[PDB]
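Shown next: final_18.csv, containing CSV, C-alpha atoms and all ligand atoms.
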```
chain,number,residue,atom,x,y,z
Z,88,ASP,CA,9.2,3.0,31.8
Z,89,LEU,CA,12.4,3.2,29.8
Z,90,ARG,CA,15.6,3.6,31.8
Z,91,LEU,CA,18.4,6.0,30.8
Z,92,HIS,CA,21.9,4.7,29.9
Z,93,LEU,CA,24.6,7.2,29.0
Z,94,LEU,CA,27.1,5.9,26.5
Z,95,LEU,CA,30.0,4.1,27.9
Z,96,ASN,CA,32.1,5.6,25.1
Z,97,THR,CA,32.1,9.2,26.5
Z,98,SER,CA,33.7,10.6,23.3
Z,99,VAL,CA,30.3,10.2,21.5
Z,100,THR,CA,28.6,13.3,22.7
Z,101,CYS,CA,25.7,15.8,22.4
Z,102,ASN,CA,26.4,19.3,21.0
Z,103,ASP,CA,28.0,20.6,24.2
Z,104,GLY,CA,30.3,17.7,24.9
Z,105,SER,CA,28.1,15.9,27.5
Z,106,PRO,CA,27.6,12.2,26.8
Z,107,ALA,CA,24.8,11.0,24.5
Z,108,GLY,CA,22.7,8.1,25.5
Z,109,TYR,CA,19.5,6.0,25.1
Z,110,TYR,CA,16.4,4.9,27.1
Z,111,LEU,CA,15.8,1.1,27.2
Z,112,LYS,CA,13.1,-1.3,28.3
Z,113,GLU,CA,14.0,-4.9,27.6
Z,114,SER,CA,11.4,-7.7,26.8
Z,115,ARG,CA,13.2,-10.9,27.6
Z,116,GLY,CA,10.8,-13.1,25.6
Z,117,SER,CA,11.3,-11.1,22.3
Z,118,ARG,CA,13.7,-11.1,19.4
Z,119,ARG,CA,12.2,-7.8,18.0
Z,120,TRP,CA,14.1,-4.5,18.7
Z,121,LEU,CA,12.6,-1.0,18.1
Z,122,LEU,CA,15.1,1.9,18.0
Z,123,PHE,CA,13.4,5.2,17.8
Z,124,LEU,CA,15.0,8.5,16.7
Z,125,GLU,CA,13.6,11.7,18.2
Z,126,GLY,CA,13.1,14.9,16.1
Z,127,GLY,CA,13.2,18.6,16.7
Z,128,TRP,CA,14.5,20.8,13.7
Z,129,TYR,CA,18.3,21.5,13.6
Z,130,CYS,CA,20.8,24.4,13.8
Z,131,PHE,CA,23.3,25.4,11.2
Z,132,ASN,CA,25.7,28.2,12.3
Z,133,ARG,CA,27.2,29.6,15.5
Z,134,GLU,CA,24.5,32.3,16.2
Z,135,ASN,CA,21.5,30.1,15.6
Z,136,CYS,CA,23.0,27.1,17.5
Z,137,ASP,CA,23.7,29.6,20.4
Z,138,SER,CA,20.0,30.6,20.3
Z,139,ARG,CA,18.9,26.9,20.4
Z,140,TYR,CA,21.2,26.4,23.4
Z,141,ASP,CA,19.4,29.1,25.4
Z,142,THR,CA,15.8,27.8,25.0
Z,143,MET,CA,16.1,24.2,23.7
Z,144,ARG,CA,19.0,22.9,25.8
Z,145,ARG,CA,17.7,19.3,26.2
Z,146,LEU,CA,18.1,19.0,22.4
Z,147,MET,CA,21.8,20.0,22.8
Z,148,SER,CA,22.9,18.4,26.1
Z,149,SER,CA,22.3,15.4,28.4
Z,150,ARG,CA,23.0,17.4,31.6
Z,151,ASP,CA,19.3,17.8,32.5
Z,152,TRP,CA,17.9,14.5,31.1
Z,153,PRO,CA,15.5,12.6,33.5
Z,154,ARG,CA,16.4,9.1,34.7
Z,155,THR,CA,13.3,7.5,33.0
Z,156,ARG,CA,10.7,8.1,30.3
Z,157,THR,CA,7.3,6.6,29.6
Z,158,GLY,CA,6.9,4.7,26.3
Z,159,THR,CA,3.9,6.0,24.3
Z,160,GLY,CA,2.4,5.0,21.0
Z,161,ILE,CA,4.6,2.6,19.0
Z,162,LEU,CA,6.9,2.7,22.1
Z,163,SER,CA,4.1,1.5,24.4
Z,164,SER,CA,4.2,-2.0,26.0
Z,165,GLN,CA,0.4,-2.1,26.4
Z,166,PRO,CA,-1.4,-4.1,23.7
Z,167,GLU,CA,-4.4,-1.8,23.7
Z,168,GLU,CA,-2.2,1.3,22.9
Z,169,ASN,CA,0.2,-0.6,20.6
Z,170,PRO,CA,-1.4,-3.4,18.6
Z,171,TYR,CA,1.7,-3.7,16.4
Z,172,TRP,CA,4.8,-4.4,18.5
Z,173,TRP,CA,3.8,-4.2,22.2
Z,174,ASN,CA,6.1,-7.1,23.2
Z,175,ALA,CA,9.2,-5.7,21.6
Z,176,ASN,CA,12.4,-4.5,23.2
Z,177,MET,CA,12.0,-0.7,23.2
Z,178,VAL,CA,14.7,2.0,22.7
Z,179,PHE,CA,14.3,5.8,22.6
Z,180,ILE,CA,17.4,7.7,21.4
Z,181,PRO,CA,17.2,11.4,22.3
Z,182,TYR,CA,18.1,13.9,19.6
Z,183,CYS,CA,20.9,16.0,21.1
Z,184,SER,CA,23.1,16.7,18.0
Z,185,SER,CA,20.9,19.2,16.0
Z,186,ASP,CA,22.2,17.7,12.7
Z,187,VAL,CA,19.2,15.7,11.3
Z,188,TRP,CA,21.3,12.6,12.7
Z,189,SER,CA,23.9,13.2,9.9
Z,190,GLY,CA,26.9,14.6,11.7
Z,191,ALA,CA,30.4,13.1,12.3
Z,192,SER,CA,32.4,15.9,14.0
Z,193,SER,CA,33.7,16.3,17.6
Z,194,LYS,CA,34.0,19.4,19.7
Z,195,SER,CA,37.6,20.7,19.4
Z,196,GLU,CA,39.9,23.8,19.3
Z,197,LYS,CA,38.2,24.7,16.0
Z,198,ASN,CA,34.6,23.6,16.7
Z,199,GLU,CA,32.4,25.2,19.4
Z,200,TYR,CA,29.9,22.3,19.1
Z,201,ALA,CA,30.0,18.6,18.4
Z,202,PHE,CA,27.7,17.2,15.7
Z,203,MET,CA,27.8,13.4,16.1
Z,204,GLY,CA,24.3,12.1,15.2
Z,205,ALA,CA,25.5,9.5,12.7
Z,206,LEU,CA,28.0,8.2,15.3
Z,207,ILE,CA,25.5,8.3,18.1
Z,208,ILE,CA,23.3,5.8,16.2
Z,209,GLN,CA,26.3,3.5,15.6
Z,210,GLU,CA,27.4,3.6,19.2
Z,211,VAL,CA,24.0,2.8,20.6
Z,212,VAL,CA,23.8,-0.2,18.3
Z,213,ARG,CA,27.3,-1.3,19.4
Z,214,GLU,CA,26.5,-1.1,23.1
Z,215,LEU,CA,23.1,-2.8,22.7
Z,216,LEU,CA,24.7,-5.9,21.2
Z,217,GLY,CA,26.0,-6.8,24.6
Z,218,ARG,CA,22.6,-6.4,26.1
Z,219,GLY,CA,20.7,-8.8,23.9
Z,220,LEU,CA,20.6,-7.3,20.5
Z,221,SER,CA,23.0,-10.0,19.3
Z,222,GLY,CA,20.1,-12.4,19.4
Z,223,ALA,CA,17.6,-10.2,17.5
Z,224,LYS,CA,15.8,-11.4,14.4
Z,225,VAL,CA,14.5,-7.9,13.4
Z,226,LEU,CA,15.9,-4.4,14.2
Z,227,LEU,CA,13.4,-1.7,13.2
Z,228,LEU,CA,15.0,1.8,13.1
Z,229,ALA,CA,12.1,4.2,13.4
Z,230,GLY,CA,11.9,8.0,13.9
Z,231,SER,CA,9.6,11.1,13.7
Z,232,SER,CA,10.1,14.5,12.0
Z,233,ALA,CA,13.9,15.2,11.8
Z,234,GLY,CA,14.2,11.7,13.2
Z,235,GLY,CA,12.2,10.3,10.3
Z,236,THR,CA,14.7,11.9,7.9
Z,237,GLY,CA,17.4,10.4,10.1
Z,238,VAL,CA,16.0,7.0,9.4
Z,239,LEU,CA,16.4,7.5,5.7
Z,240,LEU,CA,20.0,8.7,6.1
Z,241,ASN,CA,21.1,5.9,8.5
Z,242,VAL,CA,19.2,2.7,8.0
Z,243,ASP,CA,21.6,1.2,5.4
Z,244,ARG,CA,24.6,2.2,7.6
Z,245,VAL,CA,23.2,0.2,10.5
Z,246,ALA,CA,22.7,-2.8,8.2
Z,247,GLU,CA,26.3,-2.5,7.0
Z,248,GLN,CA,27.6,-2.1,10.5
Z,249,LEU,CA,25.9,-5.3,11.7
Z,250,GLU,CA,27.1,-7.2,8.7
Z,251,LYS,CA,30.7,-6.1,9.2
Z,252,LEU,CA,30.5,-7.0,13.0
Z,253,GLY,CA,29.5,-10.5,12.1
Z,254,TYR,CA,25.7,-10.5,12.7
Z,255,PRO,CA,24.1,-11.3,9.3
Z,256,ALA,CA,20.9,-12.9,10.7
Z,257,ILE,CA,19.6,-9.6,12.0
Z,258,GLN,CA,17.1,-8.1,9.5
Z,259,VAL,CA,17.4,-4.3,9.5
Z,260,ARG,CA,14.3,-2.3,8.5
Z,261,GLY,CA,13.3,1.4,8.6
Z,262,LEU,CA,10.1,3.3,9.6
Z,263,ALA,CA,10.3,7.0,8.6
Z,264,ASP,CA,7.5,9.2,10.1
Z,265,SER,CA,6.9,12.8,9.0
Z,266,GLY,CA,10.4,13.0,7.4
Z,267,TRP,CA,9.4,13.1,3.7
Z,268,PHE,CA,9.7,16.6,2.4
Z,269,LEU,CA,9.5,18.4,-0.9
Z,270,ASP,CA,12.1,21.0,-2.1
Z,271,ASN,CA,9.2,22.9,-3.7
Z,272,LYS,CA,8.6,26.6,-4.4
Z,273,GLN,CA,7.4,28.6,-1.4
Z,274,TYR,CA,4.0,30.2,-1.3
Z,275,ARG,CA,5.7,33.5,-0.4
Z,288,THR,CA,17.7,23.9,0.9
Z,289,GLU,CA,20.3,26.6,1.5
Z,290,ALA,CA,20.1,26.0,5.3
Z,291,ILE,CA,20.7,22.3,4.8
Z,292,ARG,CA,23.6,23.0,2.4
Z,293,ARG,CA,25.2,25.2,5.1
Z,294,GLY,CA,24.5,22.7,7.9
Z,295,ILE,CA,26.2,19.9,6.1
Z,296,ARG,CA,29.4,21.9,6.0
Z,297,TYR,CA,29.1,23.0,9.6
Z,298,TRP,CA,28.3,19.4,10.8
Z,299,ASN,CA,30.6,17.4,8.5
Z,300,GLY,CA,27.4,15.7,7.6
Z,301,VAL,CA,27.4,12.3,5.9
Z,302,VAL,CA,24.8,10.8,3.5
Z,303,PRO,CA,24.2,7.2,2.2
Z,304,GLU,CA,27.0,6.2,-0.1
Z,305,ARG,CA,24.9,5.3,-3.2
Z,306,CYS,CA,23.1,8.7,-2.9
Z,307,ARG,CA,26.4,10.5,-2.5
Z,308,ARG,CA,27.8,8.9,-5.7
Z,309,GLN,CA,24.7,10.1,-7.7
Z,310,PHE,CA,24.7,13.7,-6.6
Z,311,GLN,CA,28.5,14.1,-5.8
Z,312,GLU,CA,30.5,16.9,-4.2
Z,313,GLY,CA,28.6,19.9,-3.1
Z,314,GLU,CA,25.1,18.5,-3.9
Z,315,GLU,CA,24.7,16.1,-1.0
Z,316,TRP,CA,21.8,18.3,0.3
Z,317,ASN,CA,19.7,16.4,-2.2
Z,318,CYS,CA,20.0,13.2,-0.1
Z,319,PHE,CA,18.0,14.8,2.7
Z,320,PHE,CA,14.9,14.8,0.5
Z,321,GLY,CA,13.0,11.5,0.8
Z,322,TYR,CA,11.9,11.1,-2.8
Z,323,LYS,CA,15.6,11.4,-3.9
Z,324,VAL,CA,17.4,9.2,-1.3
Z,325,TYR,CA,14.7,6.4,-1.0
Z,326,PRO,CA,15.4,4.8,-4.4
Z,327,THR,CA,19.1,4.4,-3.5
Z,328,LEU,CA,18.4,2.4,-0.3
Z,329,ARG,CA,18.6,-1.4,0.0
Z,330,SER,CA,16.9,-2.0,3.4
Z,331,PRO,CA,13.0,-2.2,3.5
Z,332,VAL,CA,11.6,1.2,4.5
Z,333,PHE,CA,7.9,2.0,5.4
Z,334,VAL,CA,7.0,5.7,4.9
Z,335,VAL,CA,4.4,7.6,7.0
Z,336,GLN,CA,3.6,11.1,5.8
Z,337,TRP,CA,0.7,13.5,6.2
Z,338,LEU,CA,-0.2,14.9,2.7
Z,339,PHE,CA,-0.4,18.4,4.3
Z,340,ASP,CA,2.4,18.3,6.8
Z,341,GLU,CA,2.6,21.3,9.1
Z,342,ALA,CA,6.4,21.5,9.0
Z,343,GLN,CA,6.3,21.5,5.2
Z,344,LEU,CA,3.7,24.2,5.2
Z,345,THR,CA,5.8,26.2,7.7
Z,346,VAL,CA,8.9,26.2,5.5
Z,347,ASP,CA,6.6,27.0,2.5
Z,348,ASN,CA,5.5,30.2,4.4
Z,349,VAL,CA,1.8,29.1,4.7
Z,350,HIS,CA,0.0,29.8,7.9
Z,356,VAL,CA,-8.7,30.7,1.8
Z,357,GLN,CA,-8.5,32.5,-1.6
Z,358,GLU,CA,-8.0,30.9,-5.0
Z,359,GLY,CA,-4.2,31.2,-5.1
Z,360,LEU,CA,-3.7,29.5,-1.7
Z,361,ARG,CA,-6.3,26.9,-2.5
Z,362,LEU,CA,-4.5,25.9,-5.6
Z,363,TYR,CA,-1.1,25.9,-3.8
Z,364,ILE,CA,-2.4,23.6,-1.1
Z,365,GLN,CA,-4.1,21.2,-3.5
Z,366,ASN,CA,-0.9,21.1,-5.7
Z,367,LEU,CA,1.2,20.3,-2.6
Z,368,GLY,CA,-1.0,17.3,-1.8
Z,369,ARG,CA,-1.0,16.0,-5.4
Z,370,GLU,CA,2.8,16.3,-5.6
Z,371,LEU,CA,3.3,14.4,-2.3
Z,372,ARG,CA,1.0,11.7,-3.5
Z,373,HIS,CA,2.9,11.4,-6.8
Z,374,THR,CA,6.2,10.9,-5.0
Z,375,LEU,CA,4.7,7.9,-3.1
Z,376,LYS,CA,3.5,6.1,-6.3
Z,377,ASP,CA,6.5,3.8,-6.3
Z,378,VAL,CA,6.8,3.4,-2.5
Z,379,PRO,CA,5.0,0.1,-1.9
Z,380,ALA,CA,4.9,0.4,2.0
Z,381,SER,CA,3.4,3.8,2.9
Z,382,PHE,CA,0.7,5.4,4.9
Z,383,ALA,CA,-0.3,8.9,3.8
Z,384,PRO,CA,-3.6,10.5,5.1
Z,385,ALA,CA,-5.1,13.7,3.8
Z,386,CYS,CA,-4.7,15.7,7.0
Z,387,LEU,CA,-3.1,19.0,8.1
Z,388,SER,CA,-1.2,17.8,11.1
Z,389,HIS,CA,2.1,17.7,12.9
Z,390,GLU,CA,1.5,14.7,15.2
Z,391,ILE,CA,3.6,11.6,15.2
Z,392,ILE,CA,3.6,7.8,15.8
Z,393,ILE,CA,4.6,8.0,19.5
Z,394,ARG,CA,1.4,9.7,20.5
Z,395,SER,CA,-1.0,7.7,22.6
Z,396,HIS,CA,-3.9,7.8,20.1
Z,397,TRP,CA,-1.8,6.8,17.0
Z,398,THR,CA,-4.2,3.9,16.4
Z,399,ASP,CA,-7.2,6.2,15.5
Z,400,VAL,CA,-6.4,7.4,12.0
Z,401,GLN,CA,-7.4,5.1,9.1
Z,402,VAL,CA,-6.8,5.2,5.3
Z,403,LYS,CA,-9.4,3.3,3.2
Z,404,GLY,CA,-10.5,1.6,6.4
Z,405,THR,CA,-7.0,0.4,7.5
Z,406,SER,CA,-5.2,1.8,10.6
Z,407,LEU,CA,-1.4,2.3,10.7
Z,408,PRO,CA,-0.8,-0.5,13.3
Z,409,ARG,CA,-2.6,-2.9,10.9
Z,410,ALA,CA,-0.6,-1.7,7.8
Z,411,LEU,CA,2.6,-2.3,9.7
Z,412,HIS,CA,1.5,-5.8,10.7
Z,413,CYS,CA,0.7,-6.4,7.0
Z,414,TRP,CA,4.2,-5.1,6.1
Z,415,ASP,CA,5.7,-7.7,8.6
Z,416,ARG,CA,3.7,-10.5,6.9
Z,417,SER,CA,4.9,-9.4,3.5
Z,418,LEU,CA,8.5,-9.6,4.5
Z,419,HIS,CA,8.2,-13.3,5.3
Z,429,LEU,CA,-2.1,-10.3,0.8
Z,430,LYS,CA,-5.9,-10.7,0.9
Z,431,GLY,CA,-7.3,-7.9,2.9
Z,432,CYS,CA,-4.0,-6.9,4.4
Z,433,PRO,CA,-2.7,-3.8,2.5
Z,434,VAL,CA,0.6,-2.0,2.8
Z,435,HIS,CA,0.2,0.9,0.3
Z,436,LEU,CA,-2.3,3.3,1.7
Z,437,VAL,CA,-2.3,6.8,0.2
Z,438,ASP,CA,-5.4,9.1,0.3
Z,439,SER,CA,-6.7,10.4,-3.0
Z,440,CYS,CA,-9.0,13.1,-1.8
Z,441,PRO,CA,-7.6,16.6,-2.3
Z,442,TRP,CA,-8.2,18.8,0.8
Z,443,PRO,CA,-7.2,18.6,4.5
Z,444,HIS,CA,-9.6,16.6,6.6
Z,445,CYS,CA,-11.4,15.1,3.6
Z,446,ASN,CA,-10.5,11.9,5.5
Z,447,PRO,CA,-12.9,11.9,8.5
Z,448,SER,CA,-10.4,10.1,10.8
Z,449,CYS,CA,-7.9,13.0,10.8
Z,450,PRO,CA,-6.5,14.0,14.2
Z,451,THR,CA,-8.9,16.6,15.7
Z,501,LIG,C1,34.6,5.7,20.8
Z,501,LIG,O1,34.0,6.3,19.7
Z,501,LIG,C2,34.9,6.9,18.7
Z,501,LIG,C3,34.0,7.5,17.7
Z,501,LIG,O2,33.2,6.5,17.0
Z,501,LIG,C4,35.8,5.8,18.2
Z,501,LIG,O3,36.7,6.4,17.3
Z,501,LIG,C5,36.6,5.2,19.4
Z,501,LIG,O4,37.4,4.1,18.9
Z,501,LIG,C6,35.6,4.6,20.4
Z,501,LIG,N1,36.3,4.0,21.5
Z,501,LIG,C7,36.2,2.8,21.9
Z,501,LIG,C8,37.0,2.4,23.1
Z,501,LIG,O5,35.5,2.0,21.3
Z,502,LIG,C1,14.7,18.1,5.8
Z,502,LIG,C2,15.0,17.5,7.1
Z,502,LIG,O1,15.0,18.5,8.1
Z,502,LIG,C3,13.9,18.6,8.9
Z,502,LIG,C4,13.0,17.5,9.0
Z,502,LIG,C5,11.9,17.6,9.9
Z,502,LIG,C6,11.7,18.8,10.7
Z,502,LIG,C7,10.5,18.9,11.6
Z,502,LIG,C8,10.8,18.6,13.1
Z,502,LIG,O2,11.9,18.1,13.4
Z,502,LIG,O3,9.9,18.9,13.9
Z,502,LIG,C9,12.6,19.8,10.6
Z,502,LIG,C10,13.7,19.7,9.7
```

Could you rewrite the structure in this file as structure tokens?
Amino acid sequence: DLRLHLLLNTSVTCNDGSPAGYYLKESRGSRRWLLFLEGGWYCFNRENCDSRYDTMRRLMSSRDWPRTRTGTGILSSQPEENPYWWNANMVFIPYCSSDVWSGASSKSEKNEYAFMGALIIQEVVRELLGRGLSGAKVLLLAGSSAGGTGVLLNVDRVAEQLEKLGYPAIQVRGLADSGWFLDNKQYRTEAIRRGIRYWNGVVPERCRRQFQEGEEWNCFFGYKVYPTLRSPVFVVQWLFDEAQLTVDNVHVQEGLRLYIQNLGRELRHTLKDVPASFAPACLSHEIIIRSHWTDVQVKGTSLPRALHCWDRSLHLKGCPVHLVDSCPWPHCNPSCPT
């Protein structure tokens, strides 16, 4: 079980002004720290944030959070469920800012909601340093769905924060799961552009300097922000991700067949120069915190093994790190989730 800690700095808040926080399970004999970012879409104006507050309140407020949570998947402490990092210090950071972890704005006389996702990550890191993170050798910032995109937007800022605070021996790395999207044509980007203005969203500095004022929405797309990052980042992405197909208005005749096959080919192309990646040919929305995350394989290698091979590489015969399916249709890989 991971135990809840609300942030001691109560000015760093969820959407409705309640304190943000994190769930923690310490492993006293470990210098590995895993900080995981939850996902769950976003909201981008008054009316649709009000709608989310009615039926998705836990993603906007800590008032109803439980005192504990169970770690599952890569957050499990059981070796059978988590062959990769079962002995690590485990942190789950709830998503309660509705801003793809990019916001830096407080509730105020002019703002009905606070959007503080970028500051929540920084404040969690700050408070963990006094709980043992100061002795870490590796900090892995991981996340799924909107949290996977949040990894790409925040991993270098965490590295810069620890360097400026005087901790240069901590190696910061990123694991982005199901957060690598294409700004493609629909079968039948504006919402992000509007969100950035509503949230006062921030993007990595090198990416900001390339795209410049008014075009920062580009940095929310993995294949554009990834080449600007300096920290090592491992990318996990289904070739036929269900959230991608949703925004593409896909829910099979020749036209749709070609559309789906072209989506998988384009995704594969964007991963050609991503040396650490795991990209199975499955239609799915499930994520690396599910109990059975060990079951999928690409070319005979599981994701826990690929992540172990990545670890070795950052110090290989039969220990690959670049695993992208080449077959062109969902479930052409027999190990796809059922
Ligand atoms: C609390 O967090 C805010 C936002 O990052 C910061 O400006 C402020 O200085 C913090 N307060 C303390 C006491 O650290
Ligand atoms: C482009 C980044 O924005 C998003 C990323 C992922 C999701 C999917 C989810 O959170 O379940 C939704 C939005």

| Length of the atom CA of residue Z:303 to atom CA of residue Z:112 vector [Å] |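 Rounded to one decimal, the two atoms are 29.6 Å apart.
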
Item to complete: Report as a ChimeraX atom specification which protein, DNA and RNA residues come within 7 Å of ligand LIG 501 (chain Z), using only C-alpha atoms and all ligand atoms.
Response: /Z:96,98-99,206,210

> Could you pull the residues within 9 Å of residue Z:89, counting all atoms listed in the file, minus those fewer than 3 positions along the same chain, as a count of residues only?
Replying inline: 13

Near-stretch 378-387 of chain Z list (6 Å; all atoms listed in the file; drop same-chain fewer than 3 positions) as a list in words:
residues 333, 334, 335, 336, 337, 338, 339, 340, 375, 434, 435, 436, 437, 438, 443, 444, 446 and 449 of chain Z

- Query: Neighbours of ligand LIG 502 (chain Z) within 6 Å, counting all atoms listed in the file, as number ranges by chain?
  - Reply: Z: 126-128, 187, 232-233, 236, 266, 319, 342

For a test of reading the model, state the distance in Å between atom CA of residue Z:325 and atom CA of residue Z:240, rounded to one decimal.
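Those two atoms sit 9.2 Å apart.
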
**OP:** For each of Z:349, Z:332, Z:392, Z:121, take the minimum atom-to-atom distance to residue Z:450, counting only C-alpha atoms, then give the residue where this is smallest.
**Re:**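 Nearest candidate to residue Z:450 out of Z:349, Z:332, Z:392, Z:121: Z:392.
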
Nearby residues (all atoms listed in the file) at most 8 Å from residue Z:205, same-chain spacing under 4 positions excluded, as a list in words: residues 188, 189, 190, 191, 209, 241 and 301 of chain Z

For the selection you just gave me, I'd like the residues written to a file as a PDB file, keeping the file's coordinate frame, keeping C-alpha atoms.
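Resulting contents of result_38.pdb:
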```pdb
ATOM      1  CA  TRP Z 188      21.300  12.600  12.700  1.00  0.00           C
ATOM      2  CA  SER Z 189      23.900  13.200   9.900  1.00  0.00           C
ATOM      3  CA  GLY Z 190      26.900  14.600  11.700  1.00  0.00           C
ATOM      4  CA  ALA Z 191      30.400  13.100  12.300  1.00  0.00           C
ATOM      5  CA  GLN Z 209      26.300   3.500  15.600  1.00  0.00           C
ATOM      6  CA  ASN Z 241      21.100   5.900   8.500  1.00  0.00           C
ATOM      7  CA  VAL Z 301      27.400  12.300   5.900  1.00  0.00           C
TER       8      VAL Z 301
END
```

Restricting to only C-alpha atoms, whichever of Z:320, Z:297, Z:310, Z:172 is closest to residue Z:203 is Z:297

One decimal, in Å: what's the spacing between atom CA of residue Z:118 and atom CA of residue Z:231?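 Between these atoms lies a distance of 23.3 Å.
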
| message | Taking all atoms listed in the file into account, name the residue in Z:207, Z:439, Z:186, Z:347 that is nearest to residue Z:300. | response |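 Of all the options, Z:186 lies closest to residue Z:300.
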
N, CA, C and O atoms are what I want for stretch 419-440 of chain Z; can you complete it accordingly and write them as a short mmCIF file (atom, residue, chain, number, x, y, z; two decimals), keeping the file's coordinate frame?
```cif
data_model
loop_
_atom_site.label_atom_id
_atom_site.label_comp_id
_atom_site.auth_asym_id
_atom_site.auth_seq_id
_atom_site.Cartn_x
_atom_site.Cartn_y
_atom_site.Cartn_z
N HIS Z 419 7.92 -11.93 5.03
CA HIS Z 419 8.20 -13.30 5.30
C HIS Z 419 8.92 -13.96 4.08
O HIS Z 419 9.63 -14.96 4.21
N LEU Z 429 -1.32 -9.58 -0.26
CA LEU Z 429 -2.10 -10.30 0.80
C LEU Z 429 -3.55 -9.88 0.82
O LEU Z 429 -3.89 -8.70 0.82
N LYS Z 430 -4.41 -10.89 0.86
CA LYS Z 430 -5.90 -10.70 0.90
C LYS Z 430 -6.30 -9.87 2.07
O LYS Z 430 -6.16 -10.31 3.21
N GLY Z 431 -6.83 -8.67 1.82
CA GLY Z 431 -7.30 -7.90 2.90
C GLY Z 431 -6.33 -7.34 3.91
O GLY Z 431 -6.72 -6.91 5.00
N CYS Z 432 -5.04 -7.35 3.56
CA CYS Z 432 -4.00 -6.90 4.40
C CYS Z 432 -3.05 -5.98 3.60
O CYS Z 432 -1.98 -6.40 3.14
N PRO Z 433 -3.46 -4.73 3.38
CA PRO Z 433 -2.70 -3.80 2.50
C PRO Z 433 -1.56 -3.16 3.16
O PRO Z 433 -1.54 -2.97 4.37
N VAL Z 434 -0.58 -2.76 2.34
CA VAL Z 434 0.60 -2.00 2.80
C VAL Z 434 0.74 -0.66 2.14
O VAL Z 434 1.50 0.18 2.64
N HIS Z 435 0.08 -0.41 1.01
CA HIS Z 435 0.20 0.90 0.30
C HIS Z 435 -1.11 1.60 0.44
O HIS Z 435 -2.09 1.28 -0.23
N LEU Z 436 -1.11 2.62 1.31
CA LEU Z 436 -2.30 3.30 1.70
C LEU Z 436 -2.14 4.82 1.61
O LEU Z 436 -1.70 5.46 2.57
N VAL Z 437 -2.50 5.39 0.46
CA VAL Z 437 -2.30 6.80 0.20
C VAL Z 437 -3.65 7.41 -0.18
O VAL Z 437 -4.30 6.94 -1.11
N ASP Z 438 -4.08 8.44 0.57
CA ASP Z 438 -5.40 9.10 0.30
C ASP Z 438 -5.36 9.73 -1.07
O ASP Z 438 -4.34 10.26 -1.52
N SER Z 439 -6.53 9.72 -1.73
CA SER Z 439 -6.70 10.40 -3.00
C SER Z 439 -7.55 11.65 -2.94
O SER Z 439 -7.60 12.40 -3.93
N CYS Z 440 -8.18 11.94 -1.81
CA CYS Z 440 -9.00 13.10 -1.80
C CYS Z 440 -8.13 14.37 -1.55
O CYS Z 440 -7.05 14.27 -0.98
#
```
